[PDB]
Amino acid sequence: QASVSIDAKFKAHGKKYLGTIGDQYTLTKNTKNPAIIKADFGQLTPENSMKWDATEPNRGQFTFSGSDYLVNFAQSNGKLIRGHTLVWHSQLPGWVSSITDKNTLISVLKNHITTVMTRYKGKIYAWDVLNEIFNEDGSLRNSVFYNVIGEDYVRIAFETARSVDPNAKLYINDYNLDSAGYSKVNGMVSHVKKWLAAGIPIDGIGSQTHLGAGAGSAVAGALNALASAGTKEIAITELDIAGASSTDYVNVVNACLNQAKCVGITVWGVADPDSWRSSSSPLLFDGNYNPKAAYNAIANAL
């Protein structure tokens, strides 16, 4: 645990949280990891336990052991929770992607959203309802949901989520929304404006922010562009930067800090060894679960 909590310092500026991710393994693999989580971060996203493959491996049969644990740990230690993720083309069981009948897929979609959301009703701050539904050019990704249901699955998913747990912030999450003017950013903005105009309950836009070295400085403009979609809020949801330089990290923190709509930042992991991009050492803590320079830089920037 770092003496100074960047979450505490971020919240001091009116932000909701500066959090990270977890699940049974990382929360129990050693003493430092969970201790770092409770001391320096104020929100948790299950790294894998809430995905479709992990929650509904077979049609109508749910497995909630991993997610229950993550939720219970967060709830027991005062951490906000971002559910992740309800509708996604990846980590999706084959039984879903093989469905060809529109009404059957809609029924399955709704039951999955309903069951997973109902179990944690009232405990989730935000839900990444939809994940990565855009192609890089801004057009809709041809996943099973898009191909079988058509664009209406967007309305269906959000409306179902809204009715199931009206207390949660409903989000659409995606990566590569990292610089203003980028085709995917333009596509995210125009689509959300349209959906919001049609009455679709989209509360926020989540920008993953999986960056390479030196890309931190363009994030501020990206957030500014995303703010034009018209959602109540936006958030950096899965932040990690190859090289984890202070300049990049502080640039990204400032990007959120200076944009009214950005409610928080979630770093995709605590320490480098547990990163899904470990070879690039993209996190705030190192192989010894000790604060890296960027962590301190962030703290001194707040």
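Just count from 1 along the sequence shown to find any residue number.
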166-174 versus 183-191 - greater average Cα B-factor per the deposited record: 183-191
Taking the recorded C-alpha temperature factors, which stretch has the higher mean, 100-108 or 79-87? 100-108
In terms of recorded Cα temperature factor, pick the maximum from 123, 155, 141, 210. 141
Which of these has the highest Cα B-factor in the record: 237, 58, 30, 48? 30
Chain-wide C-alpha B factor ranking for residue 68, given as lowest, middle or highest third: middle
Ranked against its chain, the third holding the CA B-factor of residue 257: middle
Cα B factor band for residue 148 (lowest, middle or highest third within the chain): highest
Residue 241 by Cα B-factor - lowest, middle or highest third of the modelled chain: middle
Determine, from the deposited record, the chain-internal third of the Cα B-factor for residue 226: lowest, middle or highest. middle
